[PDB]
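Heads up: the structure comes next, in structure tokens.
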Amino acid sequence: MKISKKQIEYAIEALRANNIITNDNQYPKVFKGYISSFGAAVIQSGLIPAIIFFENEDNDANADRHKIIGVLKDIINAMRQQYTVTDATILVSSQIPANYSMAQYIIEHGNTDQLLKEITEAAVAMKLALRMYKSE
Amino acid sequence: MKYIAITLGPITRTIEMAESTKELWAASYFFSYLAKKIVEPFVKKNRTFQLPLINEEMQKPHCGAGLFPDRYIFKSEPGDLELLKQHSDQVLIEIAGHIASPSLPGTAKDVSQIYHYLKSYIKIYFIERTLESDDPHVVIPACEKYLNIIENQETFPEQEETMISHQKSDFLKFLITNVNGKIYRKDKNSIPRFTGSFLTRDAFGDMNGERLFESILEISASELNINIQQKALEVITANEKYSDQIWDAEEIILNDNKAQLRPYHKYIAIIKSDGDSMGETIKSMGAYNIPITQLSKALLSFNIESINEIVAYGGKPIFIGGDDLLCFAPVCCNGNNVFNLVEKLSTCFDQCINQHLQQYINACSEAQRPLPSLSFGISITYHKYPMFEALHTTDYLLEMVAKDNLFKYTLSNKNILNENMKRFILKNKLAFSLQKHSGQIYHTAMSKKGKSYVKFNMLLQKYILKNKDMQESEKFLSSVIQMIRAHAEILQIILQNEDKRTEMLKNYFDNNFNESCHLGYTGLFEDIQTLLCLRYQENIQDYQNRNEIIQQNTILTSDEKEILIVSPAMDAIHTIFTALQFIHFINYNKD
Amino acid sequence: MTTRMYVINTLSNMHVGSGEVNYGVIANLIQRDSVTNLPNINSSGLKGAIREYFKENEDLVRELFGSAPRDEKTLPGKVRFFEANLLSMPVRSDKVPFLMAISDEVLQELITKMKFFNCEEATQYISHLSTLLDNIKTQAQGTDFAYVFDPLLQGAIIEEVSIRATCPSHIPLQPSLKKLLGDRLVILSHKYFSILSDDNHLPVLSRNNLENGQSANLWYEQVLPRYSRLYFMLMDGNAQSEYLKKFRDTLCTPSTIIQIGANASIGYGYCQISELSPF
Amino acid sequence: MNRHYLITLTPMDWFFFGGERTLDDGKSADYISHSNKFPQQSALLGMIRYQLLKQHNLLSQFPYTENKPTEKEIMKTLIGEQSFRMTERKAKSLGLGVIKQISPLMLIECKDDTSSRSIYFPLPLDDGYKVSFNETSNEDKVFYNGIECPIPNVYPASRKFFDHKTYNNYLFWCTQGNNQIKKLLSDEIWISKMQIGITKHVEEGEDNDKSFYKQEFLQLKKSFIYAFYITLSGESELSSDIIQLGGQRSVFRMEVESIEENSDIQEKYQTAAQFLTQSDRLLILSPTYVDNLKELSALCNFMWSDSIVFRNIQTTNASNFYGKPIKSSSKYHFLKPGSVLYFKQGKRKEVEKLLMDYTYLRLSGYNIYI
Ligand SMILES: Nc1ncnc2c1ncn2[C@@H]1O[C@H](COP(=O)(O)OP(=O)(O)OP(=O)(O)O)[C@@H](O)[C@H]1O
Ligand SMILES: C[S@@+](CC[C@H](N)C(=O)[O-])C[C@H]1O[C@@H](n2cnc3c(N)ncnc32)[C@H](O)[C@@H]1O
Ligand SMILES: [Mn+2]
């Protein structure tokens, strides 16, 4: 598949908003491994356990690993916005609340592979957009 | 007082009648020679010439190319109109006698029908005007505008008597298709030589290096330093019409030199050039008191040095005169590629404009005025390709793209060409296209009024392998070509970013090529980034306002708007991609 | 003894060559209609394939198709082949392996061409296709639609466009219409069909040439998915009736397989030609 | 008596009207062949004759054959003994059978209405500009290959002068509006596609003659059809059918409509073209064949003209109808439609006389002007 420009744009906005990229266009150098490991873990262990692992805040991690889940949430919200609204569309388009954590959201609304597909594309977009910045 | 202006003939139709480059050069030199013969009696009578500067330099054969244009303006004294009239058919009888000669192949002739056919086909028009001015500067536009409308009168041969074995009437086709002569065995033991005709005798003579011209592959491979022409002429002369066998033999001999053969030796570059807006240059040389003879001098010097430089590179001029240029050059020749030749011709243009028009540049362009410019159209094709379609591609690149006449023509066909939209017309462009053996086209357009052209030339010269040496050149990464194509949207996002695009581009290239093998290609990555940024800046400065006025011009439909709207970043990406593909195409051999 | 409509059921992938000057990653691209941009087969390709199949029948070839090239006496051909236009296309689904996709614009173009050509057994098909199209437009009400005609196929997902298929219980698909259009049929908006049939969504295959382990060449090839249906028109210029009968009998027999395409030795383009059955 | 028809042709597929340097011509056969936008009137004559024989079951089948005298005489009375020939350019009779006159082929637009059909003509070369031709003693003068003529002052009728860069009148076709001439671009009428064709078997062959030919096939936009008017001797009949007009078996649909009797079709065509008339020029609506262009240029000063090539296939009733046809030994150059002949003061009558002296060409819808 090709690279979706709109998803890369959402990734840029979400990376800036969720405080992964500093003002001098830099990141703490552990986040690229975080995103690549997130993709691999989603493939190898399943969506819910990988989301729980990377969304955990009581971790002995080098940096704030839970910020990548916020970036994922922002990208998914942005792409669910501008979803076309036709009565033949399989997509939900309902926006994930900022109150909700990602894991509970997938638990209580998770019966369809729409979230899996959107998360895979969002992770790929994060991976490709983070290459535009430098690592401290 | 009296002025006489002459338009020469149907150049376009005669060019279209041709089939290969020999016929094309013969057709161009036919009109050059006709103009030469027509104007020689007046030049020897020392008339005051206004449109061209017919000094002694043009009359000397300069590498077998046509310098004489199709338009001339006289200063007439009473008694030259009728002698021009008589010389008009004197030349026709002379040409009829020249064609009716056994030196050319065929079976007998007849001068009378040749003369009638030539008078029916060749349209010699001359206008006489008695205007009140002794100033050439209003004289030449006034005569030119009348000549332009005079051109549209159709004289043609009504009956054309063909086949029936030989009752030929297509005498210009006869001349162009048989213009080099016959193989002329000379003995039992000879090197074969072509006979020659009035065109190739008025051209280069017999001062060594005069082994005329035949086929295309010796043009496209004039570096291998083994004799294409004789090595292939021996093969045909060892057996029992003119070009196809020796062309067939030539590909055989070239293929037989497989050890040093490189793919570009079978690809031929057609170079067409035209002067960028010289009528307005005349007008500005107008309001500011400067003679037009300086422009004539500059164009003369540029033409002579252009012929010299083209023949130095290894190319065959077809017509260089006035503001117009057409040439046949190899893809590569002795460490110089075609773009080096284009840059050298451009520099010759600027040098001649500087030398002769120093008053105009020193007085006008510094305040605010575009300098005279030259636009280039280059097409590279297989040798076994239709010549007519190759010349159509070159004309398309030069006019529609390089001169942006597609913009002007789409706007004028629907009558939208307001002055504000005419302010957005663009010149000074290099239109380049390459068609492989398959059909894959690499086309791009670049502006020569900036550092992007300079950096493009330096990148080509830097990363092209030089076989002639054997010490080394900076190595090339072929994976960058596919990265540019695949990552084009992300690159567009980077380019559209303001005041952080340089650092972002550097970061992207470093983070994508993060392996130890890429430590050697940092120079290539840096050059690519610099060229891409320069091209994006040029493209925005050239196209942003033009696109935003095209977008909300509610006279054009969406299709023509989309064919007219150019994305700056995407065009820069395409240009860099095409340049890299050209580098790879020149570098890659299939041993 | 007049114009006839023939249907091409493709049993494998089809690559009918374009030869056009490619600009993108795919080197060999398939033939598309100059206006509609839908995949098509040229009249020359159809004539060549049918002539090649019938090559051993010299008299039939001479009477129906004409003389051979480089031959002398150059007699003309009596039958005239027309462009083969893509009717139905297989698209991916989740309940079923594939759905066979038909557009409303391709249906209307088929109706218009059947009227214009006056196909032999076309009066019934035109009426029923017009009723089906009008029912579909009445049910759609101008909105983008994807309609299945099997109750089991309701809720199907067309994955490339991400569209759910609905079953209008009062839009009847007659058995002959199924036999023409296809078995698992979706009638969808032409925008969805053109997205599903463009260059980005057609099956692209990678190919290479290998010399003792080292690859010499690489290219990408575009193909048309198997089980796709294409319709073309045939006019016989009052040809010899017995030769024409042999032609129709051979073409419409189940065991006849015709090769149309650019890779015969690897199975590209083996088709079955069907004649328009009575309604 | 005589019977007048209007014959509408509808393209069933992509058509090919070709010819000049076409394929199989030899001398670098030039596999790339471009289609002429219109067929020659000879093609119209031949199509009419072919269909006339089809209706009466008088065609030639099977390898080389013979003819009995009575069918020879009925072919004489129906079609004629000889095809459209250039040598009979000054014959006062058409030399054919029931066919008497055909109008030049006309481009017709058929809107979805009972409303009549709009007739489209090539745009006159002088449309949009005025030619003043100021001639009071020597003030300016031009020699066209050695003939004295006045000076053509051309201004855009909107001063400035003729800018050939702006000149795009050769790309347009015109039709009648309320009082505005409707201009249509040629691309909006004809769409073109390049076809690549080969021979699969691969045998001993040479370029331009073995395989790999390219042909330009033209398609005519939706509501446009080709039409012409025909006069028949009245003892025959023309029936609607499916025809082959052009090259590579270009197939069309004939709709034959009978127009009311006592209607000179020439007057009908000229009434159609009336809206393009200008008192100072003769508008060439169909290719013309003056036998001396110098003679014509003697009485016309500025000939805003172009040239088209005409070559004809020459067959008789007893000819090898399956073989390389005999082409006209001479290539004939014709005046393009939309050409403008600007005459001197007066003198319109004898230039018209020169144009109409080719009555055979006038009957085959060629030397038609307004
Ligand atoms: N030797 C010459 N000396 C002076 N002026 C010349 C000479 N040769 C050509 N010219 C000028 O060049 C022009 C020839 O027409 P041309 O189409 O090349 O002009 P242009 O303005 O350069 O065109 P374009 O619109 O393509 O840029 C005329 O304006 C003519 O005065
Ligand atoms: C651009 S077209 C328009 C000019 C017009 N067809 C004519 O020849 O009067 C022809 C152009 O070809 C160029 N040309 C002139 N003489 C030529 C020659 N002898 N051989 C080739 N090109 C020539 C000139 O620039 C000329 O304007
Ligand atoms: Mn020029």
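The chains in the structure tokens are called A, B, ... from first to last as shown; in each chain the residues are counted from 1, and the ligands are counted from 1 in the order shown.
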
Got a sec to pull out which chain C residues are within 7 Å of chain A, counting only C-alpha atoms, and send them as a CSV table (one decimal) with C-alpha atoms, in the first residue's frame?
chain,number,residue,atom,x,y,z
C,145,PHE,CA,-25.8,2.4,-3.1
C,162,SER,CA,-15.5,-0.1,2.6
C,163,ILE,CA,-19.2,-0.3,1.6
C,164,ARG,CA,-22.0,-2.4,3.1
C,165,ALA,CA,-24.4,-4.1,0.7

### Message
So that I can see what lies close to stretch 8-20 of chain A, please list as a ChimeraX atom specification the residues with an atom at most 9 Å from it, counting only C-alpha atoms and leaving out residues fewer than 3 positions away in the same chain.
### Response
/A:3-5,23,25-28,31,64,67-68,70-76,78-79,122-130 /B:490,493

Save out the residues we just selected, C-alpha atoms, as a PDB file, in the first residue's frame.
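Saved result, part-v5.pdb, follows:
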ATOM      1  CA  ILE A   3       1.518   6.294   2.177  1.00  0.00           C
ATOM      2  CA  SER A   4      -1.601   8.248   3.122  1.00  0.00           C
ATOM      3  CA  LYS A   5      -0.669  11.937   3.187  1.00  0.00           C
ATOM      4  CA  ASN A  23       9.775  23.088  20.105  1.00  0.00           C
ATOM      5  CA  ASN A  25      11.673  19.597  16.485  1.00  0.00           C
ATOM      6  CA  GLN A  26      13.174  16.804  18.610  1.00  0.00           C
ATOM      7  CA  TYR A  27      12.091  13.700  20.523  1.00  0.00           C
ATOM      8  CA  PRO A  28      13.700  11.650  23.324  1.00  0.00           C
ATOM      9  CA  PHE A  31       9.775   6.860  20.956  1.00  0.00           C
ATOM     10  CA  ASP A  64       6.501   8.717  28.902  1.00  0.00           C
ATOM     11  CA  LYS A  67       2.035   9.414  25.055  1.00  0.00           C
ATOM     12  CA  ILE A  68       2.061   7.203  21.955  1.00  0.00           C
ATOM     13  CA  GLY A  70      -2.526   9.658  23.047  1.00  0.00           C
ATOM     14  CA  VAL A  71      -1.043  10.201  19.591  1.00  0.00           C
ATOM     15  CA  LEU A  72      -2.907   7.103  18.387  1.00  0.00           C
ATOM     16  CA  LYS A  73      -6.146   8.447  19.870  1.00  0.00           C
ATOM     17  CA  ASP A  74      -5.684  11.841  18.228  1.00  0.00           C
ATOM     18  CA  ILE A  75      -4.941  10.294  14.824  1.00  0.00           C
ATOM     19  CA  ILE A  76      -7.972   8.007  15.063  1.00  0.00           C
ATOM     20  CA  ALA A  78      -8.895  13.017  13.211  1.00  0.00           C
ATOM     21  CA  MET A  79      -9.467  10.272  10.639  1.00  0.00           C
ATOM     22  CA  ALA A 122      -2.201   5.178  12.697  1.00  0.00           C
ATOM     23  CA  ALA A 123       0.880   3.297  13.907  1.00  0.00           C
ATOM     24  CA  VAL A 124       2.318   3.240  10.383  1.00  0.00           C
ATOM     25  CA  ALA A 125       1.630   6.966  10.020  1.00  0.00           C
ATOM     26  CA  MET A 126       3.354   7.648  13.349  1.00  0.00           C
ATOM     27  CA  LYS A 127       6.376   5.619  12.248  1.00  0.00           C
ATOM     28  CA  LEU A 128       6.711   7.452   8.942  1.00  0.00           C
ATOM     29  CA  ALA A 129       6.033  10.918  10.394  1.00  0.00           C
ATOM     30  CA  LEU A 130       8.545  10.563  13.233  1.00  0.00           C
TER      31      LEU A 130
ATOM     32  CA  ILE B 490       5.838  13.170   2.714  1.00  0.00           C
ATOM     33  CA  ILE B 493       4.601  17.922   3.294  1.00  0.00           C
TER      34      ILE B 493
END

#### Entry: Residue nearest chain A among B:492, B:552, B:574, B:286 (counting only C-alpha atoms)
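Nearest candidate to chain A out of B:492, B:552, B:574, B:286: B:492.
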
All strand (DSSP E) positions in stretch 18-79 of chain D, as a PDB file with N, CA and C atoms, in the first residue's frame:
ATOM      1  N   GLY D  18      -8.663   7.513 -44.098  1.00  0.00           N
ATOM      2  CA  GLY D  18      -7.232   7.693 -44.204  1.00  0.00           C
ATOM      3  C   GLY D  18      -6.806   7.903 -45.641  1.00  0.00           C
ATOM      4  N   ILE D  32       2.753   4.502 -39.061  1.00  0.00           N
ATOM      5  CA  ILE D  32       1.906   5.449 -38.345  1.00  0.00           C
ATOM      6  C   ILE D  32       1.010   6.145 -39.365  1.00  0.00           C
ATOM      7  N   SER D  33      -0.290   5.885 -39.281  1.00  0.00           N
ATOM      8  CA  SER D  33      -1.262   6.404 -40.232  1.00  0.00           C
ATOM      9  C   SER D  33      -2.293   7.246 -39.499  1.00  0.00           C
ATOM     10  N   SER D  35      -5.841   9.587 -39.539  1.00  0.00           N
ATOM     11  CA  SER D  35      -7.126   9.570 -40.219  1.00  0.00           C
ATOM     12  C   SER D  35      -7.540  10.976 -40.634  1.00  0.00           C
ATOM     13  N   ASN D  36      -7.934  11.119 -41.894  1.00  0.00           N
ATOM     14  CA  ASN D  36      -8.555  12.352 -42.349  1.00  0.00           C
ATOM     15  C   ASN D  36      -9.916  12.504 -41.686  1.00  0.00           C
TER      16      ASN D  36
END

### Query
Which is closer to ligand 3 than all the others in D:3, D:49, D:165, D:85, using only C-alpha atoms and all ligand atoms?
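Nearest to ligand 3: D:165.
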
Within-7 Å residues of ligand 3, basis only C-alpha atoms and all ligand atoms, as a compact mmCIF listing (two decimals) with N, CA and C atoms, in the first residue's frame:
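The new file out-v5.txt reads:
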# COMPACT_ATOMS: atom_id res chain seq x y z
N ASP B 274 14.81 28.65 -29.08
CA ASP B 274 14.23 29.86 -29.63
C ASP B 274 14.50 31.01 -28.67
N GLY B 275 14.60 32.21 -29.22
CA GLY B 275 14.86 33.38 -28.40
C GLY B 275 13.62 33.80 -27.64
N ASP B 323 16.99 33.82 -34.25
CA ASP B 323 16.86 33.45 -32.85
C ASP B 323 16.50 31.98 -32.69
N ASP B 324 16.69 31.18 -33.74
CA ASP B 324 16.19 29.82 -33.77
C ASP B 324 17.33 28.83 -33.95

Within-9 Å residues of ligand 2, basis only C-alpha atoms and all ligand atoms, as a short mmCIF file (atom, residue, chain, number, x, y, z; two decimals) with C-alpha atoms, in the first residue's frame:
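So result.cif came out as:
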data_model
loop_
_atom_site.label_atom_id
_atom_site.label_comp_id
_atom_site.auth_asym_id
_atom_site.auth_seq_id
_atom_site.Cartn_x
_atom_site.Cartn_y
_atom_site.Cartn_z
CA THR B 7 9.58 35.85 -47.00
CA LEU B 8 11.23 32.73 -48.30
CA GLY B 9 9.02 29.65 -48.54
CA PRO B 10 7.08 26.67 -47.10
CA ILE B 11 9.67 25.48 -44.59
CA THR B 12 7.26 23.51 -42.40
CA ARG B 13 5.80 21.40 -45.22
CA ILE B 15 10.50 19.62 -43.20
CA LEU B 24 15.83 17.10 -42.55
CA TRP B 25 19.24 18.76 -42.87
CA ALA B 26 18.90 18.75 -46.66
CA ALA B 27 15.47 20.40 -46.43
CA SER B 28 16.74 23.08 -44.04
CA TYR B 29 19.84 23.76 -46.13
CA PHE B 30 17.68 23.95 -49.26
CA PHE B 31 15.91 27.01 -47.88
CA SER B 32 19.16 28.40 -46.47
CA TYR B 33 20.77 28.01 -49.92
CA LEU B 34 17.74 29.51 -51.67
CA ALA B 35 17.90 32.57 -49.42
CA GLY B 66 22.15 27.26 -42.48
CA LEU B 67 22.67 30.73 -41.06
CA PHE B 68 20.58 32.62 -43.61
CA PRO B 69 17.06 33.29 -42.25
CA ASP B 70 13.80 33.40 -44.21
CA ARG B 71 13.16 37.14 -43.74
CA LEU B 147 5.03 39.91 -43.99
CA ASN B 148 3.20 37.80 -41.40
CA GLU B 151 2.61 34.57 -45.62
CA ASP B 274 14.23 29.86 -29.63
CA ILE B 318 20.59 21.67 -38.87
CA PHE B 319 19.58 25.35 -38.74
CA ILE B 320 21.07 28.09 -36.56
CA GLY B 321 19.98 31.56 -37.61
CA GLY B 322 18.11 34.51 -36.28
CA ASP B 323 16.86 33.45 -32.85
CA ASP B 324 16.19 29.82 -33.77
CA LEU B 325 18.25 26.67 -33.27
CA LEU B 326 17.91 22.97 -34.08
#

Determine, using only C-alpha atoms, which residues of chain B have any atom at most 9 Å from an atom of chain C, and tabulate each with its shortest atom pair and distance in Å to one decimal place, rows ordered by chain and then rising number, as JSON lines.
{"residue": "B:435", "atom": "CA", "partner": "C:21", "partner_atom": "CA", "distance": 8.4}
{"residue": "B:438", "atom": "CA", "partner": "C:21", "partner_atom": "CA", "distance": 7.6}
{"residue": "B:439", "atom": "CA", "partner": "C:21", "partner_atom": "CA", "distance": 4.3}
{"residue": "B:440", "atom": "CA", "partner": "C:22", "partner_atom": "CA", "distance": 5.1}
{"residue": "B:441", "atom": "CA", "partner": "C:23", "partner_atom": "CA", "distance": 6.2}
{"residue": "B:442", "atom": "CA", "partner": "C:23", "partner_atom": "CA", "distance": 7.8}
{"residue": "B:590", "atom": "CA", "partner": "C:216", "partner_atom": "CA", "distance": 8.4}

### Message
Residues of chain B within 10 Å of chain A, counting only C-alpha atoms, what are they? List them as a ChimeraX atom specification.
### Response
/B:486-494,500-501,503-512

Write the residues you've just listed into a file as an mmCIF file, in the first residue's frame, and include N, CA, C and O atoms for each of them.
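Everything below was put into again.cif:
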data_model
loop_
_atom_site.group_PDB
_atom_site.id
_atom_site.type_symbol
_atom_site.label_atom_id
_atom_site.label_comp_id
_atom_site.auth_asym_id
_atom_site.auth_seq_id
_atom_site.Cartn_x
_atom_site.Cartn_y
_atom_site.Cartn_z
ATOM 1 N N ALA B 486 8.312 7.021 -3.987
ATOM 2 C CA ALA B 486 7.383 6.455 -3.014
ATOM 3 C C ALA B 486 7.047 7.451 -1.911
ATOM 4 O O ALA B 486 5.891 7.548 -1.487
ATOM 5 N N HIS B 487 8.043 8.199 -1.437
ATOM 6 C CA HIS B 487 7.870 9.139 -0.337
ATOM 7 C C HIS B 487 7.525 10.542 -0.816
ATOM 8 O O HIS B 487 7.797 11.518 -0.109
ATOM 9 N N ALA B 488 6.929 10.662 -2.005
ATOM 10 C CA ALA B 488 6.699 11.969 -2.611
ATOM 11 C C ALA B 488 5.721 12.808 -1.797
ATOM 12 O O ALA B 488 5.892 14.026 -1.687
ATOM 13 N N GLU B 489 4.682 12.187 -1.237
ATOM 14 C CA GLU B 489 3.714 12.943 -0.445
ATOM 15 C C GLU B 489 4.346 13.502 0.826
ATOM 16 O O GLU B 489 4.099 14.656 1.196
ATOM 17 N N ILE B 490 5.161 12.695 1.509
ATOM 18 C CA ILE B 490 5.838 13.170 2.714
ATOM 19 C C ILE B 490 6.822 14.275 2.362
ATOM 20 O O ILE B 490 6.974 15.257 3.101
ATOM 21 N N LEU B 491 7.517 14.123 1.236
ATOM 22 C CA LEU B 491 8.433 15.163 0.785
ATOM 23 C C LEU B 491 7.681 16.448 0.474
ATOM 24 O O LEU B 491 8.179 17.547 0.737
ATOM 25 N N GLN B 492 6.480 16.329 -0.094
ATOM 26 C CA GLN B 492 5.643 17.497 -0.340
ATOM 27 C C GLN B 492 5.245 18.168 0.966
ATOM 28 O O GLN B 492 5.224 19.399 1.062
ATOM 29 N N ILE B 493 4.921 17.366 1.982
ATOM 30 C CA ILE B 493 4.601 17.922 3.294
ATOM 31 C C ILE B 493 5.795 18.686 3.853
ATOM 32 O O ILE B 493 5.649 19.785 4.403
ATOM 33 N N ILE B 494 6.995 18.117 3.717
ATOM 34 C CA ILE B 494 8.206 18.789 4.187
ATOM 35 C C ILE B 494 8.423 20.094 3.432
ATOM 36 O O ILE B 494 8.744 21.129 4.027
ATOM 37 N N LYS B 500 11.261 25.712 8.326
ATOM 38 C CA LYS B 500 11.857 24.519 8.916
ATOM 39 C C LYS B 500 12.114 23.429 7.882
ATOM 40 O O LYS B 500 12.470 22.309 8.261
ATOM 41 N N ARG B 501 11.951 23.730 6.592
ATOM 42 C CA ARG B 501 12.002 22.690 5.571
ATOM 43 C C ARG B 501 13.408 22.137 5.373
ATOM 44 O O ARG B 501 13.557 20.954 5.057
ATOM 45 N N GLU B 503 15.971 21.779 7.680
ATOM 46 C CA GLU B 503 16.260 20.838 8.757
ATOM 47 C C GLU B 503 15.384 19.601 8.653
ATOM 48 O O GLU B 503 15.851 18.483 8.883
ATOM 49 N N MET B 504 14.108 19.783 8.305
ATOM 50 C CA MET B 504 13.210 18.642 8.168
ATOM 51 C C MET B 504 13.660 17.710 7.051
ATOM 52 O O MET B 504 13.621 16.487 7.203
ATOM 53 N N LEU B 505 14.085 18.273 5.919
ATOM 54 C CA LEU B 505 14.563 17.458 4.806
ATOM 55 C C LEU B 505 15.820 16.691 5.189
ATOM 56 O O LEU B 505 15.952 15.493 4.895
ATOM 57 N N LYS B 506 16.762 17.373 5.845
ATOM 58 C CA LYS B 506 17.973 16.705 6.311
ATOM 59 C C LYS B 506 17.632 15.570 7.267
ATOM 60 O O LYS B 506 18.165 14.459 7.150
ATOM 61 N N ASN B 507 16.730 15.831 8.216
ATOM 62 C CA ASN B 507 16.332 14.812 9.176
ATOM 63 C C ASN B 507 15.671 13.630 8.485
ATOM 64 O O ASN B 507 15.933 12.478 8.834
ATOM 65 N N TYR B 508 14.799 13.897 7.511
ATOM 66 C CA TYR B 508 14.114 12.815 6.814
ATOM 67 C C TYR B 508 15.102 11.932 6.073
ATOM 68 O O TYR B 508 15.041 10.700 6.162
ATOM 69 N N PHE B 509 16.031 12.545 5.341
ATOM 70 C CA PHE B 509 16.988 11.742 4.590
ATOM 71 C C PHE B 509 17.937 10.985 5.510
ATOM 72 O O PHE B 509 18.305 9.845 5.208
ATOM 73 N N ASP B 510 18.337 11.586 6.633
ATOM 74 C CA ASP B 510 19.185 10.873 7.581
ATOM 75 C C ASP B 510 18.441 9.712 8.234
ATOM 76 O O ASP B 510 19.003 8.625 8.403
ATOM 77 N N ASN B 511 17.179 9.922 8.611
ATOM 78 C CA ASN B 511 16.418 8.909 9.328
ATOM 79 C C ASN B 511 15.902 7.801 8.422
ATOM 80 O O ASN B 511 15.609 6.707 8.912
ATOM 81 N N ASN B 512 15.775 8.058 7.120
ATOM 82 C CA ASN B 512 15.395 6.998 6.194
ATOM 83 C C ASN B 512 16.602 6.168 5.782
ATOM 84 O O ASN B 512 16.521 4.937 5.716
#

### Message
List the spatial neighbours of residue B:176 as a list in words - criterion: any atom at most 7 Å away, only C-alpha atoms, same-chain residues fewer than 2 positions off excluded.
### Response
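With the cut-off at 7 Å, the set is residues 23, 26, 27, 172, 173, 174, 178 and 179 of chain B.
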
### Task
Write out as an MDAnalysis selection string each polymer residue whose atoms come within 10 Å of stretch 196-202 of chain C, counting only C-alpha atoms; drop sequence neighbours fewer than 3 positions from it.
(chainID A and resid 1:2) or (chainID C and resid 26 29:30 32 37:39 86 89:92 101 158:161 190:193 205 222:225)

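The spacing separating atom CA of residue B:586 from atom CA of residue B:463 amounts to 9.9 Å.
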
#### Entry: Exercise: residue D:69 partners within 12 Å, only C-alpha atoms, chain neighbours under 6 positions left out, as a list in words
residues 75, 76, 317 and 318 of chain D

Please dump the current selection as a PDB file, in the first residue's frame; keep C-alpha atoms.
ATOM      1  CA  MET D  75     -24.925  -2.245 -64.021  1.00  0.00           C
ATOM      2  CA  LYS D  76     -24.431   0.325 -66.781  1.00  0.00           C
ATOM      3  CA  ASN D 317     -17.219  -2.916 -63.495  1.00  0.00           C
ATOM      4  CA  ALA D 318     -14.688  -5.551 -64.622  1.00  0.00           C
TER       5      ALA D 318
END

### Task
Select residues of chain B: the criterion is any atom within 9 Å of an atom of chain D, counting only C-alpha atoms; output as a PyMOL selection string.
chain B and resi 19+85+88-89+119-120+122-130+145-146+148-150+152-164+386+409+412-413

### Query
Using only C-alpha atoms, which residues sit within 12 Å of residue C:34 once same-chain residues fewer than 3 positions away are excluded, as a VMD selection string?
(chain C and resid 18 31 37 to 42 83 85) or (chain D and resid 14 191 to 195 217 to 219)

### Query
Which polymer residues have any atom within 8 Å of an atom of residue B:577, counting only C-alpha atoms, with same-chain residues fewer than 6 positions away left out, as a PyMOL selection string?
chain B and resi 481+484-485

### Message
I need the contact residues of chain C against chain D, so if you could list those with any atom within 8 Å, counting only C-alpha atoms, and return them as a list in words, that would help.
### Response
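Those within range of chain D come out as residues 18, 19, 34, 44, 69, 72, 73, 74, 75, 76, 80, 82 and 117 of chain C.
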
For C-alpha atoms, I'd like the residues from the last selection saved as an mmCIF file, in the first residue's frame.
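Contents of the output file part_36.cif:
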data_model
loop_
_atom_site.group_PDB
_atom_site.id
_atom_site.type_symbol
_atom_site.label_atom_id
_atom_site.label_comp_id
_atom_site.auth_asym_id
_atom_site.auth_seq_id
_atom_site.Cartn_x
_atom_site.Cartn_y
_atom_site.Cartn_z
ATOM 1 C CA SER C 18 -1.747 -1.380 -24.323
ATOM 2 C CA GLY C 19 1.760 -0.556 -25.530
ATOM 3 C CA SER C 34 -10.494 6.052 -24.173
ATOM 4 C CA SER C 44 -8.232 -6.463 -33.290
ATOM 5 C CA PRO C 69 -1.564 -11.063 -43.935
ATOM 6 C CA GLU C 72 -2.279 -12.538 -52.010
ATOM 7 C CA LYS C 73 -5.792 -12.100 -53.436
ATOM 8 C CA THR C 74 -6.520 -10.317 -50.126
ATOM 9 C CA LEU C 75 -10.194 -11.112 -49.737
ATOM 10 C CA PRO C 76 -12.153 -9.117 -47.134
ATOM 11 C CA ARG C 80 -17.114 -7.475 -38.013
ATOM 12 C CA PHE C 82 -16.607 -4.681 -32.044
ATOM 13 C CA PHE C 117 -26.952 -1.972 -32.315
#
